[PDB]
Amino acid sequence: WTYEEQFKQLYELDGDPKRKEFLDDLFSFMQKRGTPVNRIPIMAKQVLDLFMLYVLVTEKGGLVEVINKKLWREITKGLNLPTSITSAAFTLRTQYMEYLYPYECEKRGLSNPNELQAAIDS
């Protein structure tokens, strides 16, 4: 019933209390936004660590900076995944846009969708 029980595999990836706080805030935000998350994406036959993916990308300056600086191999490495998973850059970018980028603009304000579309084009 709780987000933690619904997404057990995601909440149990580590014992950092910031994991639970972030994820409860993220799923509440998404539900209030009218875009609730019903299933966590699966990357390399495993649950995508949305908490760690958010920490790594925002630590590098956010989605637009990761795209512009071409840092997807560093993000993949940071997620303890082989960098050579052929479409890791596209999979991680799309997933971030769908599940984490609205939360990033709200909480960190690192960019706007206009700066994002221009970043993908270049």
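Counting begins at 1, following the sequence as shown.
*Asks:* Look over 13-21 and 94-102 in the entry and identify the one with the greater average Cα temperature factor.
*Replies:* Comparing averages over the C-alpha atoms only gives 13-21.
*Asks:* Comparing 22-30 with 64-72, which stretch shows the greater average C-alpha B-factor in the deposited entry?
*Replies:* Mean CA B-factor is higher for 64-72.
*Asks:* Tell me which of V57, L79, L50, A88 tops the list for C-alpha B factor in the record.
*Replies:* It is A88.
*Asks:* Based on the entry's values, in what third of the chain does the Cα temperature factor of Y3 lie: lowest, middle or highest?
*Replies:* Within its chain, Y3 is a lowest-third residue by C-alpha B-factor, going by the deposited values.
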